[PDB]
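Written below as structure tokens is the structure these notes are about.
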There are 2 protein chains.
Amino acid sequence: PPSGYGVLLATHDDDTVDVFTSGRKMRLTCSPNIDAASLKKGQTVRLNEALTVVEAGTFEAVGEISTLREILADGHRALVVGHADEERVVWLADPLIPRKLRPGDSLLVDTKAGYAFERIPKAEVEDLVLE
Amino acid sequence: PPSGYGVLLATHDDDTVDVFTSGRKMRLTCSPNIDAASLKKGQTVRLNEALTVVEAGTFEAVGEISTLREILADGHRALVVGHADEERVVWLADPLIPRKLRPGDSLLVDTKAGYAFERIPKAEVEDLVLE
């Protein structure tokens, strides 16, 4: 009955996936119940004691928030700046790739996993330019 | 089958290579399928529960952006500083030994592994100059 959680990283042609869990990256096989094609990068995946992906839910809603600096030319990574001016090159999740992200946008990230899940609207920038 | 990952440090003629994983370095033998000479410095390897190097690859993930200060005499190690003015020497990877390196170039590094993997293009330029 007890089942853990992990962060999906990428998909492989061997019907295998990379899962970040307990601060470590592991190679896992999707269960026959789920379809490996429907999986998306950065999506939370439910694991088990046998280390098998059995269900994928939505994306994480809590964690750190960082300021976006730039989007790399490859289109799958973004350079952002942490709270103490620490700079990280983090993967972009599927929802991030409205308008395309611009420098200065705030992204919800978890540094250990290294993914940007959601653009978080800021009230200060909205208040600066009155409408 | 579940499996983990590690970072390759060096290769020896004894068909044994040094791999950093789980926060520690171990000298392990490679599988017969893979070729020892084919492996390069600074690239990832895939381990197993028996710790057998079965698959190769390259490292492309997050990392604290480090400012390169200078290149040492031997030409295989580089001095980099971090956000907290922490100076440390790191082994250069194969793809960095490309344009000639210069002081102040941003680099992608793994502090636990001590390897610089790639040079991140400057954010202050690309996000603005392009049109």
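A quick note on method: Cβ atoms are made from the backbone with ideal geometry, for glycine too, and the neighbour counts reach across all protein chains shown. What follows draws every value from the coordinates through simple rules; no lab data is involved.
Worth a mention:
- A single entry from A:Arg119, A:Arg24, A:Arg99, A:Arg88 fulfils the requirement of being in contact with a helix residue (DSSP H, G or I) (Cβ under 7 Å, 6 or more places away or on another chain) and not hydrophobic (A, V, I, L, M, F, W, C): A:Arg119.
So that you can scan it fast, the table gives a plain yes or no per residue for (1) within 21 Å of A:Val81 (Cβ to Cβ); (2) in contact with a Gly (Cβ under 9 Å, 6 or more places away or on another chain):
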{"position": "B:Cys30", "(1), (2)": "no, no"}
{"position": "B:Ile34", "(1), (2)": "no, no"}
{"position": "B:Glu49", "(1), (2)": "no, yes"}
{"position": "B:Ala56", "(1), (2)": "no, no"}
{"position": "B:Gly63", "(1), (2)": "yes, yes"}
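- Selection over the range A:9-19 of residues that are within 14 Å of chain B (Cβ to nearest Cβ) and within 17 Å of A:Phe59 (Cα to Cα) gives a count of 5.
- Condition met for B:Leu79 (surrounded by 14 or more Cβ atoms within 10 Å (Cβ to Cβ) and either at negative phi or out of contact with any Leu (no Cβ under 7 Å at 6 or more places or on another chain) (or both)): yes
- Residues in the range B:20-48 that are within 14 Å of another protein chain (Cβ to nearest Cβ), hydrophobic (A, V, I, L, M, F, W, C) and in a strand (DSSP E or B): B:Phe20, B:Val45.
- Matching residues in the range B:38-48 - criterion: being surrounded by fewer than 17 Cβ atoms within 10 Å (Cβ to Cβ) and closer than 12 Å to B:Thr11 by Cα: B:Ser38, B:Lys40
- Subset of the range B:54-80 that is outside any loop (DSSP other than H, G, I, E, B) and of a type in the set (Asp, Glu) - its residue that is farthest from B:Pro2 (Cα to Cα): B:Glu70
- Scope the range A:59-108; condition among the hydrophobic types (A, V, I, L, M, F, W, C), in contact with a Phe, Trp or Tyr (Cβ under 9 Å, 6 or more places away or on another chain) and under 24 Å from B:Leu130 (Cβ atoms); matching residues: A:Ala78, A:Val90, A:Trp91, A:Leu92, A:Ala93, A:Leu96, A:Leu107
- Residue satisfying all of: in the range B:104-131; within 12 Å of the chain's Cα centre (by Cα) and among the hydroxyl-bearing types (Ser, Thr, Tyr); nearest to the other protein chains (Cβ to nearest Cβ) among these: B:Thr111
- Filter result (surrounded by 13 or more Cβ atoms within 10 Å (Cβ to Cβ) and more than 14 Å from every other protein chain (Cβ to nearest Cβ)) within the range B:57-75: B:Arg69, B:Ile71
- Every residue from the range A:81-98 that is outside any loop (DSSP other than H, G, I, E, B) and either among the aliphatic types (A, V, I, L, M) or within 8 Å of chain B (Cβ to nearest Cβ) (or both): A:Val81, A:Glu87, A:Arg88, A:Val89, A:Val90, A:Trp91, A:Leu92, A:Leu96
- Of all residues in the range B:119-129, one or more are touching a strand residue (DSSP E or B) at 6+ places or on another chain (Cβ under 9 Å), closer than 26 Å to B:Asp18 by Cα and not aliphatic (A, V, I, L, M).
- Selection within the range A:89-103: residues that are over 9 Å from the mean Cα position of the chain (by Cα) and of a type in the set (A, V, I, L, M). The member of this set that is farthest from A:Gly23 (Cα to Cα) is A:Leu101.
- Meets criteria (surrounded by fewer than 17 Cβ atoms within 10 Å (Cβ to Cβ) and over 17 Å from the mean Cα position of the chain (by Cα)) for B:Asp35: yes
- Per the listing A:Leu101, A:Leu51, the residue uniquely within 17 Å of A:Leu9 (Cβ to Cβ), within 13 Å of chain B (Cβ to nearest Cβ), not charged (D, E, K, R) and not in a strand (DSSP E or B) is A:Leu51.
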